[PDB]
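Novice: Encoded as C-alpha cells, here's the structure I'll be asking about.
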Number of protein chains: 10
Amino acid sequence: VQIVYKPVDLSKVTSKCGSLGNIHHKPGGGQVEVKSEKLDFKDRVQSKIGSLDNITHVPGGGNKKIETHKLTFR
Amino acid sequence: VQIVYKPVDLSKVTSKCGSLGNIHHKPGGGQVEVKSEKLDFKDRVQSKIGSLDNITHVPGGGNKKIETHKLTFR
Amino acid sequence: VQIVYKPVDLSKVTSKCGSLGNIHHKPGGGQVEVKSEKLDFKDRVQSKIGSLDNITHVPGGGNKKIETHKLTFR
Amino acid sequence: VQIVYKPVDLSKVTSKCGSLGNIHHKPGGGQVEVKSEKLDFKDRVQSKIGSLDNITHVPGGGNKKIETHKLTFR
Amino acid sequence: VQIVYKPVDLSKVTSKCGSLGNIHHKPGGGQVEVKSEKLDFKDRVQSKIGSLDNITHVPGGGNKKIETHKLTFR
Amino acid sequence: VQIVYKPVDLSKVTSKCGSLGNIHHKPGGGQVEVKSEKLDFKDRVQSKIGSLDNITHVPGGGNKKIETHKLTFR
Amino acid sequence: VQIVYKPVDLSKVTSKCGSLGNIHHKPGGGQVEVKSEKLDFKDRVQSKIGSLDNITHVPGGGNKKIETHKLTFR
Amino acid sequence: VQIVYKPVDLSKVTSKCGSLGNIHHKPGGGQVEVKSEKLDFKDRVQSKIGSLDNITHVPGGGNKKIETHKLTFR
Amino acid sequence: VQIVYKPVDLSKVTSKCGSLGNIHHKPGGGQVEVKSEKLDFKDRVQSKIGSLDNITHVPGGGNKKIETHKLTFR
Amino acid sequence: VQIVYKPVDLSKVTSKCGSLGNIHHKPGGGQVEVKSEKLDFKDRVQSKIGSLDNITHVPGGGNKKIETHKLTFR
C-alpha cells in the first residue's frame, strides 16, 4: 500500500494595470423597514437582517487562488 | 496497490489593462419593507433579509483560480 | 493494481484591453414589499428575501478557471 | 489492472479588445410585491424572493474554463 | 486489463474586437405581483419568485470552454 | 332706458353615496421620449410636453356649478 | 338710464358620504426623456416639461362653485 | 345715470363625511432626464422643468367658492 | 351719477368629518437630471427646475373662499 | 358724483373634525443633479433650482379666505 501525493503546481496570476481613474460612488440612501419577532439560529449561520450599506472596493489587482488538497485513508 | 498522484499543473492567468476611466455609480435608493415573524435556521445558512445595498467593485485584474484535489481510499 | 494520475495541464487565459471608458450606473430605486410569517431552512440554504440592490462590477480582466480532480478507490 | 490517466491539455482562451466605450445603465425601478406565509427549504436551495436588482458587469475579457476530471474505481 | 486515457487536447478560442461603442440599457420598470402561501423545496432547487431585475453584461470576449472527463471502472 | 337684471336662481346639487370601497390604481409606467428644439409660446398657452403622470381622484361628491352673468351696455 | 343689478342667488351644493374605504395608489414609475434647446415664453404661459408625477386627491366632498358677475357701461 | 349693484347672494357648500379610511400612496419613483440650453421667460410664466414629484392631498371637505364681481364705468 | 355698490353676501362653507384614519405616504425616490446653461427671467416668473419633492397635505377641512370686488370709474 | 361702497359681508368658514389619526410620511430620498452656468433674474422672481424636499402639513382646519376690494377713480 503505497500512496504518492506529489502535485507539482506552478501557477502565476498576473494583473497589469497602468492607472485607475475617477471612481465615483455617490448613492442617495433610502429606507429599509424589517419587522420580525422570533429568530433562532443554531449552527454556522451567516445572516444580515435590516442593512443599508455601501461598499466601495478598488483593489489594485484583485487576484485570489483557492487550493484545497484532501487525502483520507480509511 | 500503488497510487501515483502527480498532477503537473502549469497555469497562468493574465489580464492586461491600460487604464480604467470614469466609473460612476450613483443610485437613488428606494424602499424595502419586509414583514416576518418566525425564522428558523439550523445548519450552514446564508440569508440576507431586508437589505438595500450598493456594491462598487473595480479590481485591476479580477482573476480567480479554484483548484480542488481530493483523493479518498476506502 | 496500479493507478497513474498524471494530468499534464498547460493552460493560459489572457484578456488584453486597452482602456475602459465611461461606465455609468445610475438606477432610480423602486419599492419592494415582501410579507411572510414562517421560514424554515435546514442545510446549506442561500436565500435573499426582500432586497433592493445595485452591483457595479468592472474587473480589468475577469478570467476564472475552475479545476476539480477527484479520484476515489473503493 | 493498469489505469493510465494522462490528459495532455494545452488550451488558450484569448480576448483582445481595444477600448470599451460608453456603457449606460440607467433603469427606472418599479414595484415588486410578494405575499407568502410558509417557506420550507431543506438541502442546497438557492432562492431569491422579492428582489428588485440591478447588475452592471463589464469584464475586460470574461473568459472562464471549467474542467472536471473524475476517476472512480469500484 | 489496460486502460490508456490520453486525450491530446489542443484548443484555442479567440475573440478579436476593436471597440465596443454606445451600449444604452434604459428600461422603465413595471409591476410584478406574486401571491403564494406554501413553498416546499427539498434538494438542489434554484427558484426566483417575484423579481424585477436588470442585467447589463458587456464582456470584452465572452469565451467559455466546458470540458468534462469521466472514467468509471466497475 | 330701464334694464332690470333679476335672475332668481334656486338650485341644489345633491350627491348621496353610502360608502366607496376598494379603489386600486396600480399602473406600470412606460417610456416617453420627446425631441424638439425651438418652442415659442406668446399668450395664454397651457402646454404639457413629455409627461408620464398618474392622477387618482376620489371626491366624495364631485359637484361643480359654473354660473356666468354678463351684462354690457354700449 | 337706470340699471338694476339684483341677482337673487340661493344655491346649495351638498355631498353626503358615509365612509371612504381603501384607496390604493401604487404606481411603478417609468422613464421620461425630453430634449430641447430654446424655449421662449412671453405672457401668461403655464408649461410642464419633463415631469413624472403622482397626484392622490381624496377630498371628503369636492364641491366647487364658480360665479362671475361682470357689468360694463360704455 | 343710476347703477344699483345689489347681488343678494345666499350660498352654502356642505360636505358631510363620516370617516376616511386607509389612503395608501406608495409610488416607486423613476427617472426624468431633461436637456435644454436657453430659457427665456418674460411676464407671468409658471413653468415646471424636470420634476419627479408626489402629492398626497386628503382634505376633510375640499369646498372652494370663487366669486368675482367687476363693475367698470367708462 | 350715482353708483350704489351694495353686495349683500351671506355665505357659509362647512365640512364635517368624524375621523381621518391611516394616511400612508411612502414614496421611493428616483433620479432627476436637468442640464441647462442660460436662464433669463424678467417679471413675475414662478419656476421650479430640477425638483424631487414630496408633499403630504391633510387639512381637517380644506375650505377656501376667494372674493374679488373691483370697481373702476374712468 | 356719488360713489357708495358698502359691501355687507357676512361669511363663516367652519371645519369640524373629531380626530386625525396616523399620518405616516416616510419617503426614501433620491438624487437630483442640476447643471447650469448663467442665471439672470430681474424683477419679482420665485425660483427653486435643485431641491429635494419633504413637506408634511397637517392643519386642524386649513380654512383661508382671500378678499380684495379695489376702487379706483380717474
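Just so we're on the same page: first chain in the C-alpha cells is A, next is B, and so on; residues restart at 1 for each chain, and ligands are numbered from 1 in the order they show up.
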Report as a CSV table (one decimal) with C-alpha atoms, in the first residue's frame: the residues of chain J with a DSSP assignment of strand (DSSP E or B), based on the backbone of this structure.

Specialist:
```csv
chain,number,residue,atom,x,y,z
J,2,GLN,CA,-71.6,109.9,-5.5
J,3,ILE,CA,-70.0,106.5,-5.0
J,4,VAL,CA,-71.4,104.4,-2.2
J,5,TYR,CA,-69.1,101.5,-1.4
J,9,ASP,CA,-70.1,90.7,4.0
J,10,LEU,CA,-71.3,88.0,6.5
J,11,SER,CA,-69.2,84.9,5.9
J,12,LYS,CA,-68.3,81.9,8.1
J,13,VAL,CA,-65.9,79.0,7.2
J,14,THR,CA,-66.3,76.1,9.6
J,15,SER,CA,-64.4,72.8,9.7
J,16,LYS,CA,-65.4,70.2,12.3
J,17,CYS,CA,-63.1,67.2,12.6
J,18,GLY,CA,-63.1,64.8,15.6
J,19,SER,CA,-59.7,63.2,15.4
J,20,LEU,CA,-56.9,62.9,12.9
J,23,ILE,CA,-50.3,60.2,9.3
J,24,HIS,CA,-47.1,58.5,8.2
J,25,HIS,CA,-44.8,60.3,5.8
J,28,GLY,CA,-36.8,57.3,0.7
J,31,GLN,CA,-30.9,62.0,-6.4
J,32,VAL,CA,-31.3,65.4,-8.1
J,33,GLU,CA,-28.5,66.7,-10.3
J,34,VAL,CA,-28.8,70.1,-12.0
J,35,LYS,CA,-26.2,71.8,-14.2
J,38,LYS,CA,-25.7,81.7,-16.1
J,39,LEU,CA,-28.9,82.7,-14.3
J,40,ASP,CA,-30.4,86.2,-14.6
J,41,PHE,CA,-33.5,87.2,-12.6
J,42,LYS,CA,-34.6,90.8,-12.7
J,43,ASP,CA,-38.0,91.5,-11.0
J,46,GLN,CA,-39.6,83.0,-7.3
J,47,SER,CA,-37.3,80.2,-8.4
J,48,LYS,CA,-36.4,76.8,-6.8
J,49,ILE,CA,-33.4,75.1,-8.5
J,50,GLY,CA,-32.1,71.7,-7.4
J,51,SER,CA,-34.3,70.9,-4.4
J,52,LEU,CA,-35.0,67.6,-2.7
J,53,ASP,CA,-37.6,68.4,-0.1
J,54,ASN,CA,-40.3,67.0,2.2
J,55,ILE,CA,-43.3,68.9,3.4
J,56,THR,CA,-45.7,67.4,6.0
J,57,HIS,CA,-48.7,69.7,6.6
J,63,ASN,CA,-59.5,77.5,6.1
J,64,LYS,CA,-58.4,80.5,4.1
J,65,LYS,CA,-60.5,83.5,2.9
J,66,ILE,CA,-58.9,85.9,0.4
J,67,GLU,CA,-60.8,89.2,-0.1
J,68,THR,CA,-59.6,92.0,-2.3
J,69,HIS,CA,-61.6,95.3,-2.6
J,70,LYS,CA,-60.2,97.8,-5.1
J,71,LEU,CA,-61.8,101.1,-6.0
J,72,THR,CA,-60.0,103.5,-8.4
J,73,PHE,CA,-61.3,106.9,-9.5
```

Novice: What is the CA of residue 44 (chain I)-CA of residue 44 (chain F) distance in Å, reported with one decimal?

Specialist: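 These atoms are spaced 14.8 Å apart.
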
Novice: Residues of chain H within 9 Å of chain J, counting only C-alpha atoms, what are they? List them as a VMD selection string.

Specialist: chain H and resid 29 37 59 to 61

Novice: Those residues with N, CA, C and O atoms, as a short mmCIF file (atom, residue, chain, number, x, y, z; two decimals), in the first residue's frame please?

Specialist:
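Okay, this is what ended up in selection-v3.cif:
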```cif
data_model
loop_
_atom_site.label_atom_id
_atom_site.label_comp_id
_atom_site.auth_asym_id
_atom_site.auth_seq_id
_atom_site.Cartn_x
_atom_site.Cartn_y
_atom_site.Cartn_z
N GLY H 29 -40.44 55.63 -7.55
CA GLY H 29 -40.03 56.69 -8.46
C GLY H 29 -39.23 56.15 -9.63
O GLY H 29 -38.63 55.07 -9.55
N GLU H 37 -30.91 74.36 -23.26
CA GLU H 37 -29.79 75.29 -23.12
C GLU H 37 -30.20 76.72 -22.79
O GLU H 37 -29.62 77.33 -21.89
N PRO H 59 -58.06 66.51 1.96
CA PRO H 59 -58.83 67.49 2.72
C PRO H 59 -60.13 66.87 3.26
O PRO H 59 -60.74 66.08 2.56
N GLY H 60 -60.49 67.23 4.49
CA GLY H 60 -61.72 66.70 5.10
C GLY H 60 -62.94 67.06 4.26
O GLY H 60 -63.87 66.23 4.20
N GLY H 61 -62.95 68.26 3.67
CA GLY H 61 -64.12 68.70 2.90
C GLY H 61 -63.87 69.22 1.50
O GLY H 61 -64.82 69.22 0.71
#
```
